[PDB]
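Read through the structure below, which is laid out as structure tokens, and then see the notes.
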Amino acid sequence: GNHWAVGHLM
């Protein structure tokens, strides 16, 4: 799932 990208967002 897209969880890594979330780190850059919030």
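Here, A, B, ... name the chains of the structure tokens in the order displayed, residue numbers run from 1 inside each chain, and ligands are numbered from 1 in the same displayed order.
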Assign secondary structure with DSSP using the backbone only, and return the residues of chain A in alpha helix (DSSP H) as a VMD selection string. chain A and resid 4 to 9
